[PDB]
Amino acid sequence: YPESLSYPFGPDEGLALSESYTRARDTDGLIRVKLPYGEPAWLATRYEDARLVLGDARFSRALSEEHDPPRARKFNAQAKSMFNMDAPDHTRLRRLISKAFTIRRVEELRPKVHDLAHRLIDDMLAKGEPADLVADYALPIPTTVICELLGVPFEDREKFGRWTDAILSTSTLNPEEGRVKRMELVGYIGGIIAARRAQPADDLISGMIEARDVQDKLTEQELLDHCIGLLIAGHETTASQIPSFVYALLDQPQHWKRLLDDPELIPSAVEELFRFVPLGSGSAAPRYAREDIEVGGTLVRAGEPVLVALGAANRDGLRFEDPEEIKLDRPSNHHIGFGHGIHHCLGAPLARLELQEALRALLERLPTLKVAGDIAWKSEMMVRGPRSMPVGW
């Protein structure tokens, strides 16, 4: 075992990845990391190693329960979500929920997201520069979508935004905030669930309630924890990615310009930005080896955790030529920005649609878009990206 390195590596600001990732990915075998909490772990940074750990069934998410897992947050809720499980329980839960999220299902949302984006832009223009691209655009878009899909009132977004912020915090200042704010959110969601039981609506929460109450296909806690997981993943991810994508395109303005000239390139460009633009401030959730297994030149013994550095793997020059360059037309772009295998992002079709429409509207309406102040990047959070992003035009 190599001496453990402190992790996460950072940085928080901009789109760079720490040189420590490059060094690790260049080095034979896996490296060892120690996070603020839990046991030390292996870190996988090469593309092939990442995909083995994420997609080979000899690695487990469920086994985490037998451990004090490597992590940046003190509280481990051990939620009953599909993401914390292996087959067959993962399969059961995903099978029920995924119908709401397929390309085929979410496509009807495209004009709705399009129209919302344009209305938000109308409002930014009416006010006058500067706008905050986060508060005025990037946050409302995905929040509106997940609220309407799940059945969580958009009017409550200040409340649940506060809880989300606390739950995502990796700050040692007030280390109990995540745990107690999750309790607040649990009570809130419980209230919504009770409302829908008394009177169902055309939303995913009501659908899951039927799956449990009528079909006995999931437990009460599974129901609760999927409401929570989907609400948070449903908005915070996209809300971070929109401004980061825009920053990438404006920071190297040849890319913004190419998309102005060639809007048909938007889907390809969005894939390249999912490859390049980091979402996590640190790695994928740990996977535990079920049995001894060789990974990237290292024997990972049964019971040992491996963290997958998605962002670093996405810049593996063994797989992606000129990996540190954005190439909007990059071919066979099978990045792992949405993961890979069993826990591949359920929200990927929705995220893709959201990012495509968010960029399309800004490119159409604000071709002269520019950063117009200090970008406050999220710091000491599970996610990376601008918290506020002053823009002009």
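Throughout, we count residues from 1 along the sequence that is shown.
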{"item": "Segment of higher mean CA temperature factor, 91-99 or 220-228", "value": "91-99"}
{"item": "179-187 or 201-209, whichever carries the higher mean Cα B-factor", "value": "201-209"}
{"item": "Out of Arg196, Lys112, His118, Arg315, residue topping the C-alpha B-factor column of the entry", "value": "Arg196"}
{"item": "From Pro349, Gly339, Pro367, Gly38, residue of greatest CA B-factor", "value": "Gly38"}
{"item": "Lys74 - which third its CA temperature factor falls in, relative to the rest of the chain", "value": "highest"}
{"item": "Among modelled residues of the same chain, the CA temperature factor third for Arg287", "value": "lowest"}
{"item": "B-factor third for the C-alpha atom of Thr170 within its chain", "value": "highest"}
{"item": "Position of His235 among the chain's modelled residues by C-alpha B-factor, lowest, middle or highest third", "value": "middle"}
{"item": "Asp49 - Cα temperature factor, lowest/middle/highest third of chain", "value": "lowest"}
